[PDB]
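In what follows, a single structure is set out as C-alpha cells and then discussed.
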Ligand SMILES: Cc1cc2nc3c(=O)[nH]c(=O)nc-3n(C[C@H](O)[C@H](O)[C@H](O)COP(=O)(O)O)c2cc1C
Ligand SMILES: Cc1nc2c(C#N)cccc2n1-c1ccc(C(=O)NC2CC2)s1
Ligand SMILES: O=C(O)c1cc(=O)[nH]c(=O)[nH]1
C-alpha cells in the first residue's frame, strides 16, 4: 500500500484532518462526521492480508485478527462495512434499547488529547431495536454477496430504556428482534450513564439476567437457515462489566459466570474513578482511554484468576499500541476492542496496531497469539 494514496488508512492527510477536528470541533460532531463518511463509503481501507499467527477465537467465533471496535462507536449499525474495512475483524453495534432514545443533554462527549482520554454522558442514544435490526439485516444481505466480509463478526450490545423498571423485559424484546442476526450478544449491565443500571452486577440479579437472556436465545431455536449471521449458529452471550467494583463483588460475579456458563466477559466499560483530568473537572460520565488502561488490565488479571481461566475475555480499556494489546492478552484476554484508539490515532488505528503486535509476538518468541493468552499467570 502506497503512503500517498487516498485509499491507504496511513495516508498523511487523515492525521492532519483528525488533529484539526480534535482541536476545533465538538466531540460528538466529529463522531457524526466520521459516521457520515462511513455511511457514504468514502473511508480508506486496509488492503493487507492479516497474519495467520495473530488469529484468535472465542468458542466457535473465529476472529481473522485480534482487533475489533467496541460498543458505542456505531450505536445504530449505520456503517458496519466501512468500519470493518479499516482492518478490524469485528464490531459490537449498540448499545441498543427496545425504543429509540435521544439520550442525555448535549454537549455530552469531551476529549483530552494530552492524556488520550474521553469522558461521555451519552445515556444510550440510539434509533431503537427495530430500526437498528433493519440496519443489521441490510449488512447481512451485503455480506452474503461480498466474500471480503464473509469472516467478519458482528456483535450486538443490548440494554434497557431509561424508564424501564425491569431490564429483563427489554433484553428479551431485543433478543427476539435482533438475536437471529447477531454472532454474539453483549449484555450491558455496566454503563455509568443509565441510573441504576450498574446495580444489575449484583450476583443474584446478574444470574437471573444471564439465565433469562440464554433462555430467550435458546427459545428462538425451539419456537422456529435460522441464523442469518457469520457463524450460522445461535449467538454467544457475553457480559460487559464495570471496573468500579470491590473484590467481594468481582468474586461473586465470577462464581455466577462459572455456574451460568457465560461465553465470555468484556473487561471493561468506562470508569467513574478518574478525577485528575483538568479539562473534565465539571463534566459527568465515564472515562475512556489511556487513564483506564492500568485499571482494566488489573481487572482482567483478577477475573481470569477468579473464573479459574474458564471464561474467555474480551479486552476493552486504553489499548493504543501493540504493547498495550500484548499486555491485555498476557493478562488473560483472547481479543481486544478499540475505541479511544480510533479517536486519537485515526484511520490508521487497525493497520498500525496489527503491525506492532505481529512484530512484538515475534520479538517475544511466540509462535502465535493463542500461546500468549494468560502467560502473565504461567
Ligand atoms: C462516547 C462513548 C460511548 C460509549 N457507548 C457505549 C455503549 O453504548 N455501550 C458499551 O458497552 N460501551 C460504550 N462505551 C464504552 C466503550 O465501548 C469502551 O468500553 C471504553 O471506551 C473503553 O475503551 P477505550 O479505552 O479503548 O476507549 C462508550 C464509550 C464512549 C467514549
Ligand atoms: C477516525 C477519524 N478520522 C476523522 C477524520 C479524518 N480524516 C475527520 C473527522 C473525524 C474523524 N475521526 C473520528 C472518529 C470519531 C471521533 C471522535 O472524536 N469521537 C468521539 C467519541 C469521542 S474523531
Ligand atoms: O451511552 C452511554 O452513555 C454509554 C454506555 C456505556 O455502556 N458506557 C459509556 O461509557 N457510555
Give me the percent of DSSP beta bridges within the chain that run antiparallel, rounded to the nearest 5.
30 percent
Gyration tensor (alpha-carbon) shape descriptor, the range 1-42, a/c threshold 1.5:
oblate
Could you tell me how far the Cα centroid of the range 14-66 sits from the Cα centroid of the range 146-161, in Å?
15 Å
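What length, rounded to one decimal in nm, is gained on full extension from residue 205 through to residue 12, with 0.36 nm per residue of separation minus their alpha-carbon distance?
Gain on stretching residue 205 to residue 12: 64.5 nm.
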Here the Kirkwood hydrodynamic radius of the chain, Cα-based and in Å, equals 20.7 Å
Among 103-110, 56-63, 143-150, the order from most to least packed when residues are scored by Cβ within 10 Å on average
56-63, 103-110, 143-150
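Can you give the percent of C-alpha pairs in the range 152-245 whose distance is more than 22 Å?
26 percent
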Testing the spin-label approximation: label points 7 Å from Cα along Cα→Cβ at residue 48 and residue 321. State their distance in nm.
1.7 nm
Kindly rank 286-293, 352-359 from highest to lowest mean number of other beta carbons found within 10 Å of each residue.
286-293, 352-359
How would you rank 310-322, 239-251, highest first, on the average number of other Cβ atoms within 10 Å across their residues?
310-322, 239-251
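Neighbour counts run over all protein chains shown; Cβ positions are idealised from the backbone, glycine included. Every number here is computed from the coordinates shown, using simple stated rules; none is lab data.
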